[PDB]
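Read through the structure below, which is laid out as structure tokens, and then see the notes.
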Amino acid sequence: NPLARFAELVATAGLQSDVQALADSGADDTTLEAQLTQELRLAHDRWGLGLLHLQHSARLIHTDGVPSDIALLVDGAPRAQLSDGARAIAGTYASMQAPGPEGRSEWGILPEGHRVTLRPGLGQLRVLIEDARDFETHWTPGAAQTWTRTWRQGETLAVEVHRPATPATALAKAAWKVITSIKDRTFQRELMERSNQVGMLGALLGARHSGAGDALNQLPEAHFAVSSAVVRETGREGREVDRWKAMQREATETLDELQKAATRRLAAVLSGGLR
Amino acid sequence: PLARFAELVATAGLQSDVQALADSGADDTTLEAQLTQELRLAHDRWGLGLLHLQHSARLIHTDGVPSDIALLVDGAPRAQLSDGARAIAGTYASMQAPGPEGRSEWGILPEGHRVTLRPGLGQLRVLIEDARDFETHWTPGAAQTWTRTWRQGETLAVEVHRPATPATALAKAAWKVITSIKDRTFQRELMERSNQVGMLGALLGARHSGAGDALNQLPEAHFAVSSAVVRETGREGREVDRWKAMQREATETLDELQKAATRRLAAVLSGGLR
């Protein structure tokens, strides 16, 4: 019951959760909570809320054995629970954010220090990757509505690739996919006409049964979207620039695929689901 | 006491202000802050390679009243000024890790990556402007010197080091005296003996008989200047033009101290030690 709710939450970040399979295979609570933490941190790398300076963890909440809820922890303290619902969890994470005027996160990933303003070369990054210790770059454009940054913390080189997406943005792209794929022309004309009045999602929810938008609201797909992708590298490959170039290229392909897979899975919910 | 501390840091070319500070009305924390500041400046110039350790000085109280100065490493009392400069020099030498070429092997920062500089300032420009904490290996310069650069926190720092032991400095000052002898016959005699007993031994053999043991009492026979460190904080620690002035300042300080140490050492071995 509790694990299934967690698997549905992190599937909005593209994860297939292993926690129910580990619980059925005899793992204890320490192994389960380590996997819960692993999947929560991978989901926050992809949700892109700008909370990389915080430490995320999960713990099980039992009631006479028998897991009943999952506590979501930030820096060792519980801040939300899975029973709270998807809107309440996303609102707890939203009160931790600091957007700028262009919507991106203003927090540094590292503790408060010098962040690099990258000028149009690769010579700054070559010395920071090869020769430096902990460093962190500011956002720089990566094209295709994509913004990117690179940081080292200890032995771990990391790169984030970010394209901004809200759940309303992600559902609107899925609503456009369903409406454009409508076979009869007269029916899609009135939905395009209705999209000008109530938006694309509300026009597509007008062709479903009453309460489908209420059923969509209880889903984590209405409150969580993929906007980032993070690739990390530890050890000797962390100081090579050709590894970092393969890291950013991995994160861009991972971000583009996770957002396109989001568009299909949301369009299937708007067309066939919400029952 | 405070005078033995003043003689200890004078081997690093410092004129101590703790006696004038204590003659005026000043409390124990004011003295200990000035004692710590002069101790850290002395270790910058001594060049023992102990920059990874935190150095401090605290007054030792005898029945609640100060009586001696403890020398602390990482919060632990390890030495005291009443033991003399030989015991202080041996205590830090037990902490010391000398390399094969007269340089420290340990890093100043905690154990991590250190930069091997290529020729130029392409690496150091990004490291000074854009990076956080970093550390450079030794890179050579003119007149047998070696340089390294590091940032810790908001503090940029550069070190110019020329390897100098007190045995090297006493031999260098012995050559200063012998080459200034008017008699070419008496100069030939001293250098022919220096091949057997060394330059300092040959000079002390041609003085009074108690000159060697009087040299050992001096703190100059146990500490020598081998480095010079210049530091910068704030946003000017991320300017390259400040850094060029920094290792210029450190090279000129190292050269001025090592020539003033050779001169005052030569005056001790000639007419002093009585």
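Below, each value reflects all heavy atoms present in this structure, side chains not excepted, and no hydrogens, waters or symmetry copies. So you know, we letter chains A, B, ... as the sequences are listed, proteins then strands, and number each from 1.
A:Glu160 has a carboxylate O that lies under 4.0 Å from a charged side-chain N of A:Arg149, or vice versa, which qualifies the two as a salt bridge.
For the pair B:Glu38 (side chain) and B:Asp17 (backbone), a donor-acceptor distance under 3.5 Å is present. The backbone N or O of A:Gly50 sits nowhere less than 3.5 Å from a side-chain atom of A:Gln97 that would complete a donor-acceptor pair. The closest donor-acceptor contact from the side chain of B:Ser227 to the backbone of B:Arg45 lies at 3.5 Å or more, if one exists at all.
For the set A:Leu118, A:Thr137, A:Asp131, A:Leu128, the count of heavy-atom pairs under 4.5 angstrom toward chain B peaks at A:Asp131. Ranked by heavy-atom pairs shorter than 4.5 Å toward chain A, the options B:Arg114, B:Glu154, B:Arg238 are led by B:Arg238.
Proximity to chain A (any heavy atom under 4.5 Å) is restricted, for B:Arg118, to the side chain, taken from C-beta onward.
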